[PDB]
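Student: One structure follows; several queries about it will come next.
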Amino acid sequence: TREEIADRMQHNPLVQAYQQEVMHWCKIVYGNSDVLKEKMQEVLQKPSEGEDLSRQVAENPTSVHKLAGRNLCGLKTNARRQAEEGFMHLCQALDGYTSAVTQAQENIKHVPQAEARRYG
């Protein structure tokens, strides 16, 4: 069932939309859109780890990947300036993703008949 729930949540519109959003901002902040792909899949299997993933990126972003571009003694290259600017959006997108996953798991457990009727 838990594996089935994650199967349903794969197609959830909000889950998909935020997932794509996270990848966009990973590309900007980290220079690589795939950096959080695996962990986002892992959160589908265990939504309770979503909060952890969110905090790790927000409070220790370089534990995940190096920041795009370079900061040379205070001179930020364009890619780095865009990374810094995009960091807030990456955290929002990720908060959005993990909350949507948690919110989806709950409403599937609350009213499965309604999820059966989604067909999308």
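Ordered as shown in the structure tokens, chains take letters A, B, and onward, while each chain numbers its residues from 1 and ligands are numbered from 1 in the order shown.
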Please identify all polymer residues within 12 Å of segment 77-82 of chain A, counting only C-alpha atoms, omitting same-chain residues fewer than 4 positions from it, and present them as a compact mmCIF listing (two decimals) with C-alpha atoms, in the first residue's frame.
Tutor:
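And here's part25.txt as it stands now:
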```txt
# COMPACT_ATOMS: atom_id res chain seq x y z
CA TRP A 25 15.92 26.07 -9.34
CA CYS A 26 18.50 23.30 -8.72
CA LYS A 27 19.84 24.07 -12.19
CA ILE A 28 20.12 27.74 -11.19
CA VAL A 29 21.45 27.36 -7.64
CA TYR A 30 23.68 24.33 -8.22
CA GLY A 31 24.30 24.32 -11.97
CA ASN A 32 22.57 20.93 -12.19
CA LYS A 66 28.48 23.26 -4.76
CA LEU A 67 26.91 26.60 -5.71
CA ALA A 68 26.96 27.43 -9.39
CA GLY A 69 29.60 29.91 -10.53
CA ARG A 70 32.33 31.39 -8.37
CA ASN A 71 32.88 34.03 -5.69
CA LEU A 72 36.34 35.48 -6.18
CA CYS A 73 37.25 37.46 -3.09
CA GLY A 86 17.54 31.83 -6.86
CA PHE A 87 18.29 30.21 -3.49
CA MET A 88 15.10 31.59 -1.85
CA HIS A 89 13.00 30.29 -4.71
CA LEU A 90 14.65 26.88 -4.43
```
Student: Rounded to one decimal, what separation in Å do you get between atom CA of residue 48 of chain A and atom CA of residue 111 of chain A?
Tutor: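 Computing it gives 19.5 Å between the two atoms.
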Student: Between A:2, A:100, A:120, A:91, which is the closest to residue 45 of chain A once you count only C-alpha atoms?
Tutor: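 Nearest to residue 45 of chain A: A:2.
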Student: Find the residues around residue 109 of chain A up to 12 Å (only C-alpha atoms counted), leave out those fewer than 3 positions away in its own chain, and share them as a PyMOL selection string.
Tutor: chain A and resi 1-2+4-6+8-9+102-106+112-116
Student: Check the smallest atom-to-atom distance from each of A:16, A:10, A:107, A:98 to residue 53 of chain A using only C-alpha atoms, then report the winner.
Tutor: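 Residue with the minimum atom-to-atom distance to residue 53 of chain A: A:98.
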Student: Just how far from atom CA of residue 108 of chain A is atom CA of residue 38 of chain A, in Å to one decimal?
Tutor: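 Computed distance, atom CA of residue 38 of chain A to atom CA of residue 108 of chain A, equals 22.9 Å.
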Student: Run DSSP on the backbone of this structure and report the residues of segment 15-94 of chain A it assigns to strand (DSSP E or B), as a list in words.
Tutor: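 Assigned to strand (DSSP E or B), within segment 15-94 of chain A: residues 71, 72, 75 and 76 of chain A.
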Student: Residue 97 of chain A: which residues within 9 Å, counting only C-alpha atoms, same-chain residues fewer than 6 positions away excluded, as a PyMOL selection string?
Tutor: chain A and resi 14-19+21-22+40+50
Student: Would you please work out which residue, of A:75, A:64, A:57, A:83, is nearest to residue 95 of chain A when using only C-alpha atoms?
Tutor: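 Nearest candidate to residue 95 of chain A out of A:75, A:64, A:57, A:83: A:57.
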